[PDB]
Amino acid sequence: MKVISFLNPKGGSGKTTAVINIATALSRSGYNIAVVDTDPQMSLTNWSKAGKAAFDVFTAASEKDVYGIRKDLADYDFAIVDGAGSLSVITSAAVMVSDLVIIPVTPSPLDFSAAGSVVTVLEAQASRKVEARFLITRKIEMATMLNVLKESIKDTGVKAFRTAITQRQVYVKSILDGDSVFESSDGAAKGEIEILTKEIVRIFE
Ligand SMILES: Nc1ncnc2c1ncn2[C@@H]1O[C@H](COP(=O)(O)OP(=O)(O)CP(=O)(O)O)[C@@H](O)[C@H]1O
């Protein structure tokens with residue numbers, strides 16, 4: 001049983017979307033996935049109602065739900081947590097019961113300062129350090145800032161995944177329909193997502 005948590009208070013960094021597709025990716029790899037929607041808006045939960053996610057969804061009404069994750073979904077292979085868009089007791093709660101903490105971040109001109117807040121909490125873990133990665137979400141080939149973000153990431157002392165999720169239309173249209181990119185035909189999207197999943201899987205050795 002391994003708990004993975006996508007955390008980042010600054011809403012708009014692609015938490016949900018990355019979670020939806022990555023969980024869907026892992027499911028196709030034979031892993032019994034379980035996702036926890038810790039966001040008040042219940043975005044991933046309202047989505048899960050549309051169709052039928054390739055994984056199970058749980059809505060963490062409060063912190064109590066997150067803390068118990070290790071005991072509630074202990075039968076699952078992975079417990080992918082969908083962080084909320086605010087620095088609540090949950091933001092830190094996720095870090096505690098997690099084995100890997102992904103930090104979704106999109107290249108913007110003024111908003112990489114919403115992301116370090118998580119990196120600080122990652123330190124609060126003295127023999128109890130939890131693995132962490134930097135996920136580059138919503139990528140556009142505007143060479144310039146992709147580099148600014150890329151560099152400011154190392155100032156944290158946290159390595160970022162080799163691959164990044166580009167800004168494609170399928171990622172938005174997938175949600176509208178009620179499913180993921182794996183239900184479409186955008187091989188370009190499926191590609192990067194899979195290559196990203198394996199990278200996450202390669203972590204647990
Ligand atoms: N790879 C991608 N390509 C195109 N649009 C994307 C995208 N990833 C995310 N988006 C869009 O960006 C917006 C914010 O993404 P998302 O809803 O994942 O953010 P969050 O704000 O991280 C979600 P939540 O807090 O619900 O977990 C949405 O409008 C979404 O459709």
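Using +1 at the C-beta of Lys and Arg and -1 at the C-beta of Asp and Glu, which of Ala84, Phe112, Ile102 has the Cα lying farthest in the positive direction of the dipole of the range 55-115?
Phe112
Can you tell me how the range 39-180 classifies by the Cα gyration tensor, rounded, prolate or oblate, using a/c under 1.5 as the rounded cut?
Because a/c hits 1.5 or more and a/b fails to exceed b/c, the range 39-180 counts as oblate.
Name the shape class, rounded, prolate or oblate, that the alpha-carbon gyration tensor gives for the range 1-69, where a ≥ b ≥ c are the square roots of its eigenvalues, rounded holds for a/c under 1.5, and otherwise prolate holds if a/b is larger than b/c and oblate otherwise.
Verdict is rounded for the range 1-69.
Provide the per-residue ³J(HN,Hα) series for the range 6-15, in order, calculated from phi with Karplus coefficients 6.51, -1.76, 1.60 and θ = phi - 60°, each as a whole number of Hz, with x at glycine and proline positions.
8, 10, 3, x, 4, x, x, 8, x, 5
I need the phi-derived Karplus couplings for the range 173-187: 6.51 cos²θ - 1.76 cosθ + 1.60, θ = phi - 60°, integer Hz, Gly and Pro marked x.
Here the 3J(HN,Hα) series is 5, 4, 5, 4, 5, x, 9, 10, 6, 6, 10, 9, 9, 6, x Hz.
Amide H of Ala84: which non-local residues (sequence gap of 5 or more, or other chain) have their own amide H closer than 5 Å, using H built in the peptide plane?
Counting only residues 5 or more places away or on other chains, the set is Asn8.
Looking at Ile175, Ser48, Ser185, which one has the Cα that reaches farthest to the positive end of the dipole of the chain (charges on Cβ: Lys, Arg +1; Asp, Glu -1)?
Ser185
Rounded to the nearest 20 debye, what is the charge dipole size of the chain about its Cα centre when +1 sits on each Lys and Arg Cβ and -1 on each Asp and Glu Cβ?
Numbers: 23 positive and 24 negative charges, 64 e Å.
With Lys and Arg at +1 and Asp and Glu at -1, about 300 debye.
Report the label-to-label distance for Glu205 and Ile140 in nanometres (one decimal), using points 7 Å from each Cα along the Cα→Cβ vector.
3.7 nm
With each run of n ≥ 4 DSSP H residues scored as -39500 (n - 2.57), what mean residue ellipticity at 222 nm is computed for the chain after dividing by its residue count and rounding to the nearest 500 deg cm²/dmol?
Numbers: 9 runs with 79 residues, N = 205.
One gets -11000 deg cm²/dmol as the mean residue ellipticity at 222 nm.
Measuring from centroid to centroid over Cα atoms, what is the spacing of the range 28-90 and the range 99-114 in Å?
20 Å
Which FRET efficiency, nearest 0.05, do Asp111 and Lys159 yield, Cβ-Cβ r, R0 25 Å?
Approximately 0.75, to the nearest 0.05.
What are the residues whose amide H is under 5 Å from the amide H of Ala60, where those residues sit 5 or more places off or on another chain and H is modelled from the backbone?
For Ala60, whose amide H was placed from the backbone, the distant partners under 5 Å are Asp37, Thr38.
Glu183 label point, 7 Å along Cα→Cβ, cut-off 16 Å on backbone N: hits in the range 8-40?
Residues passing the 16 Å test: 17-28.
Using a 7 Å offset from the Cα along the Cα-to-Cβ direction at both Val148 and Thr166, what is the distance between the two label points in nm, to one decimal?
2.3 nm
In debye, nearest 20: dipole of the range 98-205 around its Cα centre with unit charges on the Cβ of K, R (+) and D, E (-)? Don't skip to the end; give the middle numbers.
Values: 14 positive and 15 negative charges, 52 e Å.
Value, rounded to 20: 240 debye.
Ideal geometry is used to build each Cβ from the backbone, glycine not excepted, and the neighbour counts take in all protein chains shown. None of the figures in this text is laboratory data; all of them are computed from the coordinates on show.
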